[PDB]
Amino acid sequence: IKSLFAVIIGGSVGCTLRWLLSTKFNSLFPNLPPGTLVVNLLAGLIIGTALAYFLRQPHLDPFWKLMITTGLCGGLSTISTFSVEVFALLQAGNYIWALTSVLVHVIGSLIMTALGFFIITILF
């Protein structure tokens, strides 16, 4: 039950942030909606920093780790919105931007996870 509240609180904050950023900013650049991109890149960055940080202090409260990873990062990022965006571009005959969106979301988010991990690891 304590773990459930961590997931719900973190998830609700992440989901809310994604909703606000997506509705506000996605229509600015419809070929690669920047709200959906930013939240995937940010979630990647956060999970990376979490990966490195939680390794250093393994006996810290599981509550904080669960709220941040399953909760926040999990609520914040989305494969579903990413998929329909790409699917719509594919149906629209816009192959160059469908390919670009897949590469920028996937390669970008993996790079952000690496950056988050290595920034904390370098910060000693």
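Counting begins at 1, following the sequence as shown.
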Between 64-72 and 81-89, which has the higher average C-alpha B-factor in the PDB entry?
64-72
Quick check on the record: does 41-49 or 55-63 carry the larger mean Cα temperature factor?
55-63
Residue 99 by Cα B-factor - lowest, middle or highest third of the modelled chain:
middle
Quick tally, chain-level thirds of C-alpha B-factors: residue 109 sits in the lowest
